[PDB]
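Structural overview
What follows is each chain in one-letter form.
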Amino acid sequence: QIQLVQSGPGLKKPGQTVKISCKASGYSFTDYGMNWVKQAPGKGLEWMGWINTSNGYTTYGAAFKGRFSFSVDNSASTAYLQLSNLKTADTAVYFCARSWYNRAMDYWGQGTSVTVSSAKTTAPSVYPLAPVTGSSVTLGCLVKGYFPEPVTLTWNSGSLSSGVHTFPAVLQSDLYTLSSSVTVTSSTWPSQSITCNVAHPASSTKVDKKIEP
Amino acid sequence: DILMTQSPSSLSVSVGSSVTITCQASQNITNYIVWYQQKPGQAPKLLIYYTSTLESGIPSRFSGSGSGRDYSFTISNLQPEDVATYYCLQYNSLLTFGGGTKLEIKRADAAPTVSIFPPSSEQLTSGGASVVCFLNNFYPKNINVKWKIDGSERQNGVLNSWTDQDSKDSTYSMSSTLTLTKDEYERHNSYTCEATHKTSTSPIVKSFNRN
Amino acid sequence: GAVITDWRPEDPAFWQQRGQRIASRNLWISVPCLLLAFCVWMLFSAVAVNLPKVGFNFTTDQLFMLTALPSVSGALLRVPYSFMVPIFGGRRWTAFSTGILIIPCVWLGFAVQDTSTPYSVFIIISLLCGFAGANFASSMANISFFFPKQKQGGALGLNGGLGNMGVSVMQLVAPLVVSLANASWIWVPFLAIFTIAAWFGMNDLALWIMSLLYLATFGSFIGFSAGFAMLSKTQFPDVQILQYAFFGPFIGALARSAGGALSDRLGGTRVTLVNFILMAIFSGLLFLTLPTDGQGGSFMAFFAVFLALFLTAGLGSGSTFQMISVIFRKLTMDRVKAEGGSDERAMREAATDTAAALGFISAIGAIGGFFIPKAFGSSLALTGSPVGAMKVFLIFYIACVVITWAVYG
Ligand SMILES: CO[C@H]1O[C@H](CO)[C@@H](O)[C@H](O)[C@H]1O
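Criteria and cut-off values
Residues numbered from 1 in each chain as written, not as in the entry; some residues may be left out. Chains lettered and ligands numbered in written order. Heavy atoms only, no water. Residues with missing side-chain atoms left out of burial classes, pairs and counts. Core = buried A, V, L, I, M, F, W, Y, C linked by side-chain atoms within 4.5 Å. Buried < 20%, exposed > 50% of the residue type's maximum accessible area, 1.4 Å probe, protein only. Contact = heavy atoms within 4.5 Å. Near = heavy atom within 4 Å. Polar contact = N/O pair within 3.5 Å; in protein donor to acceptor, adjacent residues only side chain to side chain. Areas by Shrake-Rupley, 256 points an atom, 1.4 Å probe, with all protein chains shown as cover. Helix = DSSP H or I, 4+ residues; strand = E, 2+ residues; numbered from the N terminus. Nonpolar A, V, L, I, M, F, W, Y, C, P; charged D, E, K, R; others polar. Pairing = 2+ DSSP bridges. Axes fitted to C-alpha atoms, helices over the stretch in contact; angles between N-to-C directions. Buried area = accessible area lost by both parts, 1.4 Å probe. Salt bridge = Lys/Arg side-chain N within 4 Å of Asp/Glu carboxyl O. Expected span 1.5 Å × (residues − 1). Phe/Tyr/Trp six-rings, centres within 6.5 Å; stacked < 30°, edge-to-face > 60°. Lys NZ or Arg CZ within 6 Å of the ring centre and 35° of its normal. Bend = angle between axes of the 7 residues up to and from the residue.

- Method information in the entry identifies X-ray crystallography as the source of the structure, with 2.60 Å recorded as the resolution.

Considerations on the nonpolar core
- With 121 residues, the main nonpolar core has B:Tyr36, B:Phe97, C:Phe44 and C:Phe306 as its most contacted residues.
- In this view, C:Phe44 contacts C:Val49, C:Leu66, C:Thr67, C:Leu108, C:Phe122, C:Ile125, C:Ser126 and C:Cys129; residues no more than four positions away in its chain are not counted.

So, the site of the ligand
All names here are of chain C.
- Looking at the ligand, the residues that line it are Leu215, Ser220, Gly368, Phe371, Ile372, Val392, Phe393, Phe396 and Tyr397.
- Backbone polar atom of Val392 to an oxygen atom of the ligand: 3.4 Å apart, as the coordinates give it.
- In the complex, the protein chains occlude 84% of the 340 Å² of accessible area that the ligand would expose alone.
- Among the secondary structure elements, those contributing two or more residues to the shell around the ligand are α11 (209-231), α16 (368-382) and α17 (387-407).
- Per-element accounting of the shell around the ligand gives the leading share, 4 residues, to α17.
- A breakdown of the residues in the shell around the ligand according to their chemical character gives 7 nonpolar, 2 polar and no charged.

Some details on the sheet that holds strand β18 (residues 205-210) of chain A
All names here are of chain A.
- If you trace the 3 strands from one edge of the open sheet to the other, you get β14-β17-β18, paired in antiparallel fashion. Two strands bound the open sheet, and with one partner strand each, they are β14 (152-155) and β18. Within this sheet the neighbouring strands show an average axis-to-axis angle of 15°, counted without direction.

Section: the interface of chain C and chain A
- In this assembly, 13 residues from chain C lie in contact with 14 residues from chain A.
- Surface buried jointly by chain C and chain A totals about 1,100 Å² across both partners, of which 38% is contributed by carbon and sulfur atoms.
- By the criterion of area lost to chain A, the three top residues of chain C are C:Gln16, C:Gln17 and C:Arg18, representing 49% of everything that side buries.
- If you look at where chain C meets chain A, you find 1 salt bridge.
- As a salt-bridge pair, A:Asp31 and C:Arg21 come within 3.4 Å of each other at their nearest N and O atoms.
- At the surface where chain C touches chain A, the tally comes to 9 residue pairs in polar contact.
- With 6 residues, the single largest contributor to the side of chain C that touches chain A is helix α1 (residues 12-41) of chain C.
- Considering only residue class, the side of chain C that touches chain A consists of 4 nonpolar, 4 polar and 5 charged.

What to know about α16(C)
All names here are of chain C.
- The end-to-end C-alpha separation of α16 is 21 Å, in line with the 21 Å expected for 15 residues at 1.5 Å each.
- Residues of α16 that are buried: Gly368, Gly369, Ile372, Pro373, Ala375, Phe376, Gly377, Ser379 and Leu380.
- In this fold, the buried residues of α16 make contact with α2 (60-68), α3 (70-88), α11, α14 (299-339), α15 (343-365) and α17.

So, the packing of aromatic side chains
- Scanning all chains against the criterion turns up 61 aromatic pairs over all chains.
- For the pair A:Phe95 and A:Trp108, a centre-to-centre distance of 5.7 Å together with 75° between the ring planes defines the contact as edge-to-face. In this pair, A:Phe95 is assigned in strand β9 (residues 92-98) and A:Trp108 in strand β10 (residues 107-108), connecting sequence segments 13 residues apart.
- Here C:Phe221 and C:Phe310 contribute two aromatic rings whose centre-to-centre distance is 6.0 Å and whose plane-to-plane angle is 85°, an arrangement assigned as edge-to-face. Of this pair, C:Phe221 sits in helix α11 while C:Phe310 sits in helix α14, and the two are 89 residues apart along the sequence.
- Among the aromatic residues, those joined into a cluster by ring pairs are C:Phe221, C:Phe224, C:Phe228, C:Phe236, C:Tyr244, C:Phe299, C:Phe302, C:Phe303, C:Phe306 and C:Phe310.
- When the ring centre of A:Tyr27 is taken as origin, the NZ or CZ atom of A:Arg98, which lies over that ring, is 4.6 Å away.
- Across from the ring centre of B:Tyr185, 5.3 Å away, lies the NZ or CZ of B:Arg210, which sits over that ring.

Side note on helix α12 (residues 247-266) of chain C
Residue and element names in this part refer to chain C.
- With 20 residues, α12 extends 28 Å from end C-alpha to end C-alpha; this agrees with the ideal 28 Å at 1.5 Å per step.
- In the structure, α12 departs most strongly from a straight axis at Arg256, where the bend amounts to approximately 25°.
- Burial in α12 covers these residues: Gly248, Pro249, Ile251, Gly252, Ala253, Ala255, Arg256, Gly259, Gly260 and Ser263.
- Of the surrounding elements, those touching the buried residues of α12 are α8 (152-177), α11, α13 (268-284) and α14.
- Residue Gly267 follows α12 closely and has a positive phi angle near 100°.

Considerations on the pattern of salt bridges
Residue and element names in this part refer to chain C.
- Within the structure shown, the criterion is met by 17 salt bridges over all chains.
- Here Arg335 and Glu349 are joined by a salt bridge, their closest N and O atoms 2.8 Å apart. You can see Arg335 sitting in helix α14 and its partner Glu349 sitting in helix α15, a full 14 residues away along the chain.
- The network of salt bridges with shared partners includes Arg335, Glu339, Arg345 and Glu349.

Quick word on the interface of chain A and chain B
- Listed as interface residues are 44 residues of chain A and, on the opposing side, 39 residues of chain B.
- Contributions of two or more residues to the side of chain A that touches chain B are made by β4 (34-39), β5 (46-51), β12 (125-129), β13 (136-146), β15 (164-172) and β16 (175-185) of chain A.
- It is β15(A) that contributes the most residues to the side of chain A that touches chain B, 6 residues altogether.
- Taken together, the residues of the side of chain A that touches chain B sort by class into 21 nonpolar, 17 polar and 6 charged.

Overview of the sheet that holds β12(A)
Residue and element names in this part refer to chain A.
- On the basis of which strands lie adjacent, the open sheet formed by 4 strands has the order β12-β13-β16-β15 and antiparallel pairing. One side of each edge strand has no neighbouring strand; the edge strands of this open sheet are β12 and β15. When the angles between neighbouring strand axes are averaged without regard to direction, this sheet yields 15°.
- The pairing of β12 with β13 spans 5 bridges and is classified as antiparallel. Looking at the pairing, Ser125 lines up with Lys144 of β13.

Okay, here's the thing in structure tokens:
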């Protein structure tokens, strides 16, 4: 039960500030340093620096001196990363990770995705995809015209998890599109109902779509 | 700053086969090297620290060795779960990551089970129309999808997307979506999804007519 | 978990984040493990005294010998012991070197009760008690690895200082527990407790003239600590010495701390010089205290003069160590300046060199705890006087103070 759990995704315009947090639990917080790691989309892990949890003293990699701040709240047993004057190149997922010295970065947070963009936030249109068949049927869900990521999608509230392929979102004209498929036995549908649950937190939308013949 | 070159940057290897990744430091890092496994969308996981000491719970099929500037990491009896990007990291003076190694697993060639889907009427109110095509559980990753409207080819308006390799059966799936205006779509009659894979010289064809 | 692969004490950030905490913990377990090894080292200084009282018929020369031999094996095992920590690691070696001490502690708990136990057996057990005397070398080397070069002083000071206090703790405990096996068994529970506590709590990291000066000062502290009780029973058989005989080693131990501080205050060579004067002067006044032919002796004086020889042997130990420390700092300064290097490099190498040399200086030094009581052995067995031996000490402390003049000052 050692865990680092980080705050959730954020969208910001260029010029603004973000502050991501990282709550450590299951161990004495001040005995271990905290590292921060940047991963820009389709790039390798990049080390930003660490913060000494006895000092509160920060150490920054060359590329991260200026608009970056590691801070600490020992009593909350958590760490923070503050980014001022956000540029588009700051779009990335950000990890915190325990330990500078013995077993370096031996526990990671789940990561926190930051998008820097002037694009407007728009809710997704969710379309059910019904067949126009062997012993099995594949149904679909098309999730169009939303910004930013993430959207999350389940089938029958996650009770249908096998046979599922959710495809990574693709950006076009500042709008993402994404889709999912489920194949089930021809005996089970439309006999039992199959429904597509889409959430888009950035627009506080939750839309359910039953697939109909 | 201490630099780290990682080789190779990507590779494809057989089930039960042996992987070897090498890492070169720009200077002596005195055994302070770690190796990470990064399955996609998940948090990275530490496998090895101090060149060769396995983190607890990490299977014996993993190992590392090296000194001075030269280090290597090995997976011996490759299983489908081992699919990931792997990273060396120097924690001597400051910390530096290697560039990564995206590991693909190899499996028996597999043809995409293909399925086509006409625009939902809920979408037709908007004035756009999307014909979606799923190509599921194929191997290898390379595949072309051709869109045919009433015999003729369509290139504009196609949008493609691929899963990461499946960590259970080692297949890929892709999704092709052709987007037209409601007017465009309402003019024509047959919509064709042609899949061309290494599995056969003749394409898998799925289609429908609006009637 | 027990093995530490990234150890950077000279790096302040590391020290703050984890070094200090880990080093601190290793010190705190190191200390009890060390004083216990001293307790075991000087056993016979409270056991050979009680051997006749349980029906053993041994010469005084045979009772001083048993008190003398642990420092022969101790001295011979100090050089090897200092190489053991880099090989097996602090935690593995502390546990082992502390654990195996149960063998000799239990053994003589039995042998002392069976009144038909040969002299050859007691020789072995005393020689196995000398193993504990080598623990100092390993303990001290271990600590030197955990602390940065300019924290090293205090930690080494704490480790050896409180370790040396082990003699004085045994002298006080062995009589009280005797209400014999008890003197040699009351430490089996403590040795075990602390072998376990090391094993689970400690960590494994991945000039001949100065031998003579340390020999004269420390070898004397251990030499007196061994034979004093046994001497204050052939000279005053009426008085039960084992309710006073602890106070000697106790006072001597505290005199180490003063020795170093006083030494840096007005000269390591000066305090050493003046101290050998007090070591010869006090060696002389002991003639006047003895019960001689016809003339009645005095205990109070004899005791108070030994209580002044323990003080003067204590100071001298902390005074010779600051001397050595200062000599090495100067040599490392000169070499590095000539190499054109850093004041920091010099500081580090002066600490490294004083620590690497210790396993050899303290081996030569420990030979004194054999001579002094074996001197009282051969003197009181050739004649009926301690004078014969005590005359050699006086001659020796003069020979030393001329040697401190000849080379320093
Ligand atoms: C050879 O040296 C030995 O003899 C002198 C007396 O001469 C003792 O005082 C000394 O501790 C011991 O080491």
